[PDB]
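K.L.:
Below: one structure in structure tokens.
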Amino acid sequence: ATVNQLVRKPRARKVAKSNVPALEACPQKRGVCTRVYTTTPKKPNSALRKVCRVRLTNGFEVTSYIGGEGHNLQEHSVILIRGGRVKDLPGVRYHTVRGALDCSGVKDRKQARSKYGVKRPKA
Amino acid sequence: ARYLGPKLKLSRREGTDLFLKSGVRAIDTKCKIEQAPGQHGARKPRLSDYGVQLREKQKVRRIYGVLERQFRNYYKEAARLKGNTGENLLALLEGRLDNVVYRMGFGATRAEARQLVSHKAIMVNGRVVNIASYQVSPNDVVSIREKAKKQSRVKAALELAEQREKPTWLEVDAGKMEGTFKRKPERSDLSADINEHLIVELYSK
Amino acid sequence: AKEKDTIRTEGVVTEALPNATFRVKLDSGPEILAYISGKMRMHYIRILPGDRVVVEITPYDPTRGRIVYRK
Amino acid sequence: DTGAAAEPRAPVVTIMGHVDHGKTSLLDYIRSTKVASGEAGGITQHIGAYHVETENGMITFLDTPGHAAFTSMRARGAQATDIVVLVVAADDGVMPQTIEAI
Amino acid sequence: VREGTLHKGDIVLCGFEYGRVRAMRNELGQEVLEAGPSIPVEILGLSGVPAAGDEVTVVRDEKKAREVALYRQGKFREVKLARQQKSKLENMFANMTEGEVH
Amino acid sequence: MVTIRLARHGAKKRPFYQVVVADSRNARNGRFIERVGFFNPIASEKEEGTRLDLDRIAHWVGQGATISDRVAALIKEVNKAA
RNA sequence: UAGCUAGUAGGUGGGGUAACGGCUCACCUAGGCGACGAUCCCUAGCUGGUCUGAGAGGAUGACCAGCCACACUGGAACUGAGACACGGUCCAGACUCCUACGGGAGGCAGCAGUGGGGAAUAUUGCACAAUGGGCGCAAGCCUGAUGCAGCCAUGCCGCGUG
RNA sequence: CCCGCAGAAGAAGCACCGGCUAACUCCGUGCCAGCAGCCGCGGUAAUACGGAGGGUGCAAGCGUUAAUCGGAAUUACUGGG
């Protein structure tokens with residue numbers, strides 16, 4: 001571009017929007033939820049994967065992946081909700097935190113207990 | 001703090017001895033050098049360009065027995081000083097108190113040297129000094145104090161100390177359990193094992 | 001590791017939707033949305049309504065079947 | 001404690017039966033309060049504990065509704081108290097409430 | 001209060017709730033600092049509203065007591081929240097029960 | 001009005017005072033006209049530790065500034081000679 | 001968001017203020033501002049700085065320090081060197097409490113602390129011993145400023161678990 | 001802050017190991033269960049899932065997530081078309 005033009009109208013940075021409407025400089029939010037489905041992914045993969053409609057405390061209805069092997073979650077249940085997209089499913093940008101609030105940890109899991117909410121085995 | 005684990009595994013992983021055990025004898029039988037530890041170490045490594053940098057960082061760090069955060073602090077000080085950064089790095093590491101005790105030969109090993117400075121045996125210019133990381137100055141006398149004097153710990157060490165090739169930057173003394181640190185190490189004085197541009201290169205990315 | 005709490009039971013295929021998705025009426029259960037299994041796609045097999053298939057159902061979501069067994 | 005050197009305890013006493021007929025009145029009379037029937041509907045609807053001076057001697061009193069929903073409170077009040085009193089009126093002579101306190 | 005002593009600095013553990021006593025009230029008497037062997041005392045500055053059906057006990061240390069309370073509360077939630085969900089299993093998954101589900 | 005006084009910037013349980021010319025209304029750590037010395041009471045065996053430019057302090061006394069009781073004591077300690 | 005401004009723009013005289021002044025009035029003239037972005041809307045306490053970056057730059061203004069603004073909501077003045085006054089005052093409004101129900105009292109965006117919000121941030125602590133203020137000739141009194149402790153792996157750094 | 005006493009006694013966990021990217025095999029499950037930052041793995045011999053053994057990184061912390069800048073010469077004045 002020409003230097004007189006840049007004096008006249010300057011350069012302008014991109015908006016750089018976030019991936020999560022949960023936002024608000026928050027890592028964690030809360031919600032009361034409603035419905036737990038098991039929906040198919042996109043055709044390159046196959047499975048039935050556990051997904052929940054979380055009504056957030058700030059009034060936003062969003063959808064969220066349930067990790068780990070099974071869960072206790074149903075109906076009205078208060079869970080913790082962190083970020084992170086799952087690309088194989090449609091539009092899920094969030095994950096529920098296992099072993100928090102109303103959520104069970106994954107029983108009989110032994111490795112990687114930083115995820116899945118499992119206190120260390122003692123014998 | 002401290003590594004605490006099995007000493008020989010680090011030498012066997014790095015593929016050149018780190019002198020961690022090495023008291024009574026420099027024994028081949030225990031070491032099993034260049035065979036690698038664990039089940040699948042028999043195979044040829046075919047190491048990457050990132051890995052040869054990362055290996056050399058661990059090789060230097062495991063000699064002096066430092067952890068990455070403390071080791072990073074020496075790199076930051078060595079960088080701001082004029083002249084070569086790798087040399088100013090190795091100068092600060094060699095300038096450690098637990099290191100000078102190993103160089104004078106009061107202790108058998110670097111871990112026993114760190115034990116003696118922690119256990120308040122060692123005094124520098126008549127101060128007692130707990131801290132292993134302590135930076136020794138030019139013109140610093142160093143000595144063992146009366147409680148730790150003439151025990152089985154120091155006495156066995158002073159015997160096996162004679163075998164060593166003997167540093168060029170300090171006066172050994174040690175007829176009465178003391179030593180004197182005369183002047184700075186320089187690149188010629190210290191060992192040829194380290195690749196000095198290489199360890200500095202890894203922190204650049 | 002996997003646990004064997006999934007249930008397999010039969011049903012008549014009522015109607016074929018898009019995407020290899022089928023409306024199958026079970027014998028005891030209601031009519032459920034069933035996707036075809038991987039194996040049929042793998043061996044290039046297509047199916048048709050009015051036929052009686054074994055349909056794996058999960059306790060978590062009882063509205064989603066899985067057409068396991070052949071025509 | 002060292003050697004079990006424990007010293008006397010004044011009795012905690014509970015009262016069950018019907019409000020206004022006498023269950024409030026026994027407590028209210030010692031404290032001289034006139035607080036009987038001061039709650040809505042003229043009835044006691046929750047548990048409370050009150051310590052008294054009997055001139056001379058000390059006693060503590062616990063008070064609870066005699067009624068159906070307050071069964072768990074009367075179960076805890078009986079085992080917490082040293083002595084239980086059951087007030088009874090000659091209008092009915094026997095109640096569904098009286099056998100619960102027995 | 002069963003046992004006749006108490007001070008402001010005491011750490012208290014009530015069920016799965018814990019805390020230090022901020023202030024003490026004995027009925028209308030708000031000037032109490034100690035407990036008799038049969039008196040009722042209001043506790044204040046305890047965390048949360050406890051379940052009120054059970055025994056309250058003072059403990060040695062605030063750092064430790066807190067930890068204990070936390071752990072026990074966690075345990076309580078744990079068993080009560082686990083088992084249940086899965087169990088509702090078959091019915092929830094297997095069959096739509098009846099109709100008069102209103 | 002102007003006062004010569006000791007302000008504390010040093011670490012917890014090791015006071016290091018900065019003797020300073022400031023108005024009385026301003027807080028101890030706050031707004032000031034100029035620095036004039038330092039006072040280390042904790043000190044060390046080294047010679048330095050109490051320092052005050054006397055041409056500055058006599059100037060401010062000449063403009064009418066009053067002296068805090070510690071600084072008044074430290075002036076009559078260091079004098080021309082201690 | 002392209003036209004916006006009547007005390008608006010300028011002058012004279014009167015009044016006003018510690019003091020300049022459309023500051024405020026009477027009268028006279030018709031200007032003022034405007035694409036080098038006026039006016040309007042949205043959003044925002046600012047800076048020495050912090051963080052990142054080879055630098056240029058970008059993002060940001062917690063802590064520390066300078067300055068301004070606000071003190072239940074809305075408006076005004078008094079006293080005074082200085083306020084249109086955080087724990088002064090008067091009135092109206094909202095709201096809480098008290099009451100003999102006629103009428104009154106209260107303002108933690110001070111330190112602790114509680115309800116509630118929220119993913120989540122502390123002890124209803126000790127002392128004027130020290131610095132620094134207020135008053136007093138001074139002793140001395142007052143000072144939740146400040147100095148200190150308690151609590152939390154929150155961060156940085158040191159050391160150990162041989 | 002210093003001295004004394006006793007005795008290895010009281011004190012190591014966490015993530016990751018298909019490529020990117022330092023660090024591998026077996027067993028269970030069988031396009032299911034589930035993993036996934038990105039490209040992607042799993043439909044009967046899974047170095048990518050679950051478990052175990054071995055290994056690597058870092059340390060009283062470790063990891064994930066959110067937030068900002070960097071890499072980005074990807075608003076480019078320095079420094080683009």
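Residue numbering restarts at 1 in every chain; chains get A, B, ... in the order shown in the structure tokens, and ligands count up from 1 in that same order.
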Skip range 1-4 of chain G itself and residues of its chain fewer than 6 positions away, then list as number ranges by chain all residues within 10 Å of it, counting only C-alpha atoms (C1' of nucleotides).
P.N.:
G: 33-35, 37-41
K.L.:
Need to verify the contact set: residue 26 in chain D, 9 Å, only C-alpha atoms (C1' of nucleotides), exclusion of same-chain residues closer than 4 positions in sequence. Can you return it as a PDB file with N, CA and C atoms, in the first residue's frame?
P.N.:
ATOM      1  N   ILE D  15     -40.932 -32.644  77.258  1.00  0.00           N
ATOM      2  CA  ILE D  15     -42.358 -32.652  77.488  1.00  0.00           C
ATOM      3  C   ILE D  15     -43.017 -32.932  76.151  1.00  0.00           C
ATOM      4  N   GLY D  22     -51.649 -28.320  77.956  1.00  0.00           N
ATOM      5  CA  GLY D  22     -50.675 -28.245  79.040  1.00  0.00           C
ATOM      6  C   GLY D  22     -49.234 -28.352  78.651  1.00  0.00           C
ATOM      7  N   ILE D  30     -42.863 -22.204  84.675  1.00  0.00           N
ATOM      8  CA  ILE D  30     -41.604 -22.061  85.405  1.00  0.00           C
ATOM      9  C   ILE D  30     -40.847 -20.799  85.016  1.00  0.00           C
TER      10      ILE D  30
END
K.L.:
Could you work out how far CA of residue 2 in chain E lies from CA of residue 21 in chain E, giving the answer in Å with one decimal?
P.N.:
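Computing it gives 17.1 Å between the two atoms.
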K.L.:
As a PyMOL selection string, please: the residues near range 9-17 of chain C (cut-off 7 Å, only C-alpha atoms (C1' of nucleotides), same-chain neighbours under 3 positions excluded).
P.N.:
chain C and resi 20-27+49-56
K.L.:
Within 10 Å of chain E, which residues of chain A show up when using only C-alpha atoms, listed as an NGL selection string?
P.N.:
:A and (70-74 or 99 or 101-105 or 107)
K.L.:
Write the selection just made, keeping N, CA, C and O atoms, as a short mmCIF file (atom, residue, chain, number, x, y, z; two decimals), in the first residue's frame?
P.N.:
data_model
loop_
_atom_site.label_atom_id
_atom_site.label_comp_id
_atom_site.auth_asym_id
_atom_site.auth_seq_id
_atom_site.Cartn_x
_atom_site.Cartn_y
_atom_site.Cartn_z
N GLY A 70 -19.07 -44.62 30.93
CA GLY A 70 -20.35 -44.36 31.61
C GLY A 70 -20.42 -43.19 32.57
O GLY A 70 -19.44 -42.49 32.83
N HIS A 71 -21.61 -42.91 33.14
CA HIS A 71 -21.80 -41.79 34.05
C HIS A 71 -23.08 -41.94 34.84
O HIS A 71 -23.98 -42.68 34.48
N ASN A 72 -23.22 -41.19 35.97
CA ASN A 72 -24.44 -41.18 36.76
C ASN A 72 -25.43 -40.11 36.30
O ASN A 72 -26.60 -40.12 36.68
N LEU A 73 -24.95 -39.15 35.50
CA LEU A 73 -25.66 -37.95 35.14
C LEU A 73 -26.98 -38.16 34.42
O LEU A 73 -27.08 -38.94 33.47
N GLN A 74 -28.02 -37.44 34.87
CA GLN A 74 -29.33 -37.48 34.27
C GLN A 74 -30.11 -36.27 34.76
O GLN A 74 -29.73 -35.63 35.74
N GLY A 99 -15.89 -36.33 38.19
CA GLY A 99 -15.53 -36.23 39.60
C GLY A 99 -15.71 -34.86 40.18
O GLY A 99 -14.96 -34.44 41.06
N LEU A 101 -18.89 -31.87 41.48
CA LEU A 101 -20.23 -31.44 41.82
C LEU A 101 -21.26 -32.57 41.94
O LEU A 101 -21.31 -33.24 42.97
N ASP A 102 -22.03 -32.91 40.88
CA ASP A 102 -22.91 -34.07 40.89
C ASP A 102 -22.32 -35.22 40.10
O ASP A 102 -22.87 -36.33 40.09
N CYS A 103 -21.18 -35.04 39.42
CA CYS A 103 -20.67 -36.05 38.53
C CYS A 103 -19.80 -37.06 39.24
O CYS A 103 -18.92 -36.72 40.03
N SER A 104 -20.05 -38.35 38.99
CA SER A 104 -19.17 -39.45 39.35
C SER A 104 -17.83 -39.40 38.63
O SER A 104 -17.71 -38.97 37.48
N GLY A 105 -16.76 -39.86 39.31
CA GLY A 105 -15.54 -40.25 38.61
C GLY A 105 -15.73 -41.54 37.84
O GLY A 105 -16.74 -42.23 37.97
N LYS A 107 -15.25 -45.18 37.70
CA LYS A 107 -14.88 -46.32 38.52
C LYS A 107 -14.01 -47.34 37.79
O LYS A 107 -14.21 -47.65 36.62
#
K.L.:
So how far away is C1' of residue 7 in chain G from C1' of residue 22 in chain G, in Å?
P.N.:
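Between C1' of residue 22 in chain G and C1' of residue 7 in chain G the gap is 5.8 Å.
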